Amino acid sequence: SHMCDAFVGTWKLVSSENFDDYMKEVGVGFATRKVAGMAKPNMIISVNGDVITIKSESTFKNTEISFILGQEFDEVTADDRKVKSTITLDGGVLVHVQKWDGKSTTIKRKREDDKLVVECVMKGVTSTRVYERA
């Protein structure tokens, strides 16, 4: 109860850094990188009991995940990877690990001032995606 309150809401992308390089490291192909890199998603986060839902809506792709913290689930990512994901809360940060084909990437979401800051890491490459309230 009240675990993720400060995440709940409707958020819009305001800045991005190094996302194309992150996508390259993940294995995303040229055309998907270009179209996906243009997107300005909204991220809609809600909680109902133990179930957290994160929706992403953009002109590129609309996706939605629902999950319970610590409980693995199957996810098809916007770039069409079929991954096994687990999301946990670590010191106030939502930590989302995706595993596929012997690879792994981690997406961290944290509240910083009035922003929701998303850090995506694949090996040595980090992208930072900043969202603000819609």
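Each residue number is its position in the shown sequence, starting from 1.
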| note | Looking only at C-alpha temperature factors in the entry, 31 to 39 or 96 to 104, the higher average sits in 96 to 104
| request: Could you settle it for me: does 55 to 63 or 105 to 113 have the higher average Cα B factor in the PDB entry? | output: 55 to 63
| query | So where's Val76 on the chain's Cα temperature factor ranking, which third? | reply | highest
| field | Ranked C-alpha temperature factor of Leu13 among modelled chain residues, by third | value | middle
| Considering only modelled residues of the same chain, in which third does the CA B-factor of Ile45 rank: lowest, middle or highest? | lowest
| Which third of the chain does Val83 land in by C-alpha B-factor: lowest, middle or highest? | middle
| query | Going by the entry, which third of its chain does the Cα temperature factor of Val26 land in? | reply | highest
